[PDB]
Engineer: 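Before I ask anything, here is the structure I am working with.
One is the number of the first residue; the rest follow in order along the sequence. Every heavy atom of this structure was used, including side-chain atoms; hydrogens, water molecules and symmetry mates were not.
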Amino acid sequence: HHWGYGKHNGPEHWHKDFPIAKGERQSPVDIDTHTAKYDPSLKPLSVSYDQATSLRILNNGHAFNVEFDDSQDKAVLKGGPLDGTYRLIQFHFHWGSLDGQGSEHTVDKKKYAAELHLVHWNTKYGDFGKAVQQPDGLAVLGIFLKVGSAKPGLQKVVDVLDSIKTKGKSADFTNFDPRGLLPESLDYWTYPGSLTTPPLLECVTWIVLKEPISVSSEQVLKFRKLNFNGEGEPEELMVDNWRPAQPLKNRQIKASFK
Ligand SMILES: NS(=O)(=O)c1ccc2c(c1)S(=O)(=O)NC2=O
Ligand SMILES: [Zn+2]
């Protein structure tokens with residue numbers, strides 16, 4: 001009886017195995033744009049993905065991850081609310097069964113069709129494993145996806161999904177450039193939070209971009225063909241793999257723009 005997104009193992013059940021689910025800095029959260037405040041202390045955000053080297057794509061039964069080689073300082077995120085350098089290790093998405101839902105964070109309660117998470121770990125901790133034991137160990141760059149024109153840069157990901165349909169399947173995925181998934185503007189909201197799936201660790205500095213990228217109905221439809229189940233098992237379409245907004249509690253969301 002593993003955690004998941006269904007009626008009997010979904011988000012409302014996670015707290016039993018992971019009590020931190022009811023913690024003080026859980027994610028995602030609704031971003032109230034009127035309550036968010038411009039923060040002058042935020043430094044310019046730097047997203048340097050020029051030397052990023054992707055390696056493989058994997059269906060882990062919850063979503064699909066595009067993993068990168070993070071043994072050298074290559075694809076890094078810095079600036080903004082961050083102290084130091086954070087290294088890109090993987091990116092994945094959360095999406096819905098319909099275009100009207102799918103994102104984890106919401107903006108004034110608005111849900112987007114999907115949300116892209118580019119996960120980075122703080123290099124001061126030596127490796128990802130040590131980073132997830134720290135309160136400032138991770139930084140996740142979140143980008144909303146809305147349905148409209150296709151995103152050319154996402155098609156290569158869309159086309160390889162047929163090869164990793166079920167849980168446990170992976171495929172070589174080299175030379176993918178994540179710069180093709182970024183919107184024009186880097187304006188963002190930031191707050192301290194957690195991983196949005198078990199183990200729900202509170203080690204994340206969230207940086208959520210205000211400008212969403214547009215993807216086509218056809219591209220998101222292909223996300224919905226993936227399976228939560230493993231090969232040979234009853235088919236459970238991989239849809240609505242998102243966690244709803246959690247209590248903001250004692251936190252303030254800061255904006256990088258006026
Ligand atoms: N959805 S997310 O908060 O980016 C996230 C959720 C789970 C995990 C991550 C990110 S991780 O740091 O790559 N390892 C995980 O288990
Ligand atoms: Zn995620």
Engineer: Does the side chain of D187 reach to within under 4.5 Å of the side chain of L209, using non-hydrogen atoms?
Structural biologist: no
Engineer: Please, which pairs that meet side-chain hydrogen bond (donor to acceptor under 3.5 Å, both in side chains) have at least one residue in residues 126-146, sequence neighbours excluded?
Structural biologist: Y125-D136
Engineer: Taking it one step at a time, do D108 and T33 satisfy side-chain hydrogen bond (donor to acceptor under 3.5 Å, both in side chains)?
Structural biologist: CA-CA 6 Å; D108 293 330; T33 65; 2.6 Å; yes
Engineer: With a 6.0 Å cut-off on the ring centroids, do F91 and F68 count as close?
Structural biologist: yes
Engineer: Linking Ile, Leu, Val, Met, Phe, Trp and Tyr through side-chain heavy atoms less than 4.5 Å apart, which residues share a cluster with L55?
Structural biologist: none
Engineer: Which pair of heavy atoms, one from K225 and one from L237, lies closest together, and at what distance?
Structural biologist: O-CD2, 4.2 Å
Engineer: For the residue pair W206 and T196, establish whether any side-chain heavy-atom pair is separated by less than 4.5 Å.
Structural biologist: yes
Engineer: Could you label the plane-to-plane angle of the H105 and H117 rings as parallel, tilted or perpendicular, counting under 30° as parallel and over 60° as perpendicular?
Structural biologist: perpendicular
Engineer: Same cluster or not: are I213 and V47 linked, directly or through other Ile, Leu, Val, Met, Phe, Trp or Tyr residues, by side-chain heavy atoms under 4.5 angstrom apart?
Structural biologist: yes
Engineer: Go through it in stages, so that I can follow the logic: the residues are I207 and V140, the test is side chain to side chain contact (heavy atoms under 4.5 Å, CB included), and I'd like the CA-CA distance, side-chain angles, deciding distance and then a yes or no.
Structural biologist: CA-CA 6 Å; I207 297 171; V140 184; over 6 Å; no
Engineer: Quick one: CG on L45 to OG on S256, what's the gap to the nearest 0.5 Å?
Structural biologist: 8.0 Å
Engineer: Return the set of residues passing salt bridge (charged side-chain N to carboxylate O under 4.0 Å, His left out) with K249 (not counting sequence neighbours), or none when no residue passes.
Structural biologist: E24
Engineer: Are a donor atom and an acceptor atom from the side chains of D70 and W121 found within less than 3.5 Å of each other?
Structural biologist: yes
Engineer: Say whether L201 and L118 are linked into one hydrophobic cluster, either directly or through other cluster members, by side-chain heavy-atom distances under 4.5 angstrom.
Structural biologist: no
Engineer: For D159, which residues count as a salt bridge (charged side-chain N to carboxylate O under 4.0 Å, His left out) partner, sequence neighbours excluded?
Structural biologist: none
Engineer: Return the set of residues passing ring-ring contact (aromatic ring centres under 6.0 Å, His included) with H34 (not counting sequence neighbours), or none when no residue passes.
Structural biologist: none
Engineer: With side chain to side chain contact (heavy atoms under 4.5 Å, CB included) as the test, would you mind laying out the steps for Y86 and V76 before giving the verdict?
Structural biologist: CA-CA 6 Å; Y86 286 68; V76 302; over 6 Å; no
Engineer: Group every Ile, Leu, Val, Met, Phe, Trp and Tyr by side-chain heavy-atom contacts under 4.5 Å, then state whether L181 and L186 land in the same group.
Structural biologist: yes
Engineer: Looking at every heavy atom in both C203 and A131, which two are closest together, and how far apart are they?
Structural biologist: CB-O, 4.4 Å
Engineer: Considering only heavy atoms from C-beta outward, does the side chain of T106 approach that of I31 to under 4.5 Å?
Structural biologist: no
Engineer: State the NZ-OG distance between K110 and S103, to the nearest 0.5 angstrom.
Structural biologist: 8.5 Å
Engineer: Using the ring pair (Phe, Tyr, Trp, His ring centres under 6.0 Å) rule, collect all pairs that involve residues 134-153, keeping only residues at least two apart or in two chains.
Structural biologist: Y112-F144
Engineer: Mind jotting down which residue pairs meet the salt bridge (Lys or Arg N to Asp or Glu O under 4.0 Å) criterion with at least one end in residues 29-38? Sequence neighbours excluded, please.
Structural biologist: none
Engineer: Could you tell me whether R243 and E104 have a side-chain N and a carboxylate O separated by less than 4.0 Å?
Structural biologist: no
Engineer: Is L182 close to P178 at the side-chain level, that is, under 4.5 Å between some pair of heavy atoms?
Structural biologist: no
Engineer: So, using side chain to side chain contact (heavy atoms under 4.5 Å, CB included) as the criterion, who are the partners of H15 when residues are at least two apart?
Structural biologist: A21, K22
Engineer: Quick check: do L77 and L82 have side-chain heavy atoms less than 4.5 Å from each other?
Structural biologist: yes
Engineer: With a 4.5 Å heavy-atom cut-off, do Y5 and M238 have their side chains touching?
Structural biologist: no
Engineer: Let me confirm one number: the CZ-CG distance from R224 to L161, rounded to the nearest 0.5 Å.
Structural biologist: 13.0 Å
Engineer: Going by salt bridge (charged side-chain N to carboxylate O under 4.0 Å, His left out), name the residues that satisfy it together with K165, two or more places apart in sequence or in a different chain.
Structural biologist: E235
Engineer: Restricting to pairs with a member in residues 71-80, which pass side-chain hydrogen bond (donor to acceptor under 3.5 Å, both in side chains), not counting sequence neighbours?
Structural biologist: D69-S71, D73-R87
Engineer: Return each pair, listed once, that meets ring pair (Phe, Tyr, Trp, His ring centres under 6.0 Å) where at least one residue sits in residues 210-258; pairs must be two or more places apart or across chains.
Structural biologist: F64-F223, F93-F223, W95-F223, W189-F257
Engineer: Could you tell me whether the side chain of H2 reaches within less than 4.5 Å of the side chain of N9, counting heavy atoms only?
Structural biologist: no
Engineer: Output the distance between atom OG (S214) and atom CG (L154), rounded to the nearest 0.5 Å.
Structural biologist: 11.5 Å
Engineer: Which atom pair, heavy atoms only, marks the closest approach of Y49 to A75?
Structural biologist: CD2-CB, 3.9 Å
Engineer: Could you state whether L88 and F176 fall into the same hydrophobic cluster, counting links through intermediate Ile, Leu, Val, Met, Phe, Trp or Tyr residues with side-chain heavy atoms under 4.5 angstrom apart?
Structural biologist: yes
Engineer: What's the verdict on side chain to side chain contact (heavy atoms under 4.5 Å, CB included) for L58 and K169, showing C-alpha distance, side-chain angles and the deciding distance?
Structural biologist: CA-CA 6 Å; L58 164 80; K169 293 206 164 175; over 6 Å; no
Engineer: Looking at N241, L145, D240, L116, which one forms a side-chain contact (heavy atoms from CB on, under 4.5 Å) with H94?
Structural biologist: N241
Engineer: So do the side chains of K156 and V158 get within less than 4.5 Å of each other, counting heavy atoms only?
Structural biologist: no
Engineer: Who are the ring-ring contact (aromatic ring centres under 6.0 Å, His included) partners of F128, not counting sequence neighbours?
Structural biologist: none
Engineer: May I ask you to decide whether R179 forms a salt bridge with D177, counting only side-chain N to carboxylate O separations under 4.0 Å?
Structural biologist: yes
Engineer: If you round to the nearest 0.5 Å, how far is CD of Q246 from CG of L200?
Structural biologist: 8.5 Å
Engineer: What are the two closest non-hydrogen atoms of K167 and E233, and how far apart are they?
Structural biologist: NZ-OE1, 4.1 Å
Engineer: Determine, stepwise, if the pair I253 / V29 fulfils side chain to side chain contact (heavy atoms under 4.5 Å, CB included).
Structural biologist: CA-CA 10 Å; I253 294 177; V29 300; 3.9 Å; yes
Engineer: Check whether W3 and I20 end up in the same hydrophobic cluster, where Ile, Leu, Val, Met, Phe, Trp and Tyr are linked by side-chain heavy atoms less than 4.5 Å apart.
Structural biologist: yes
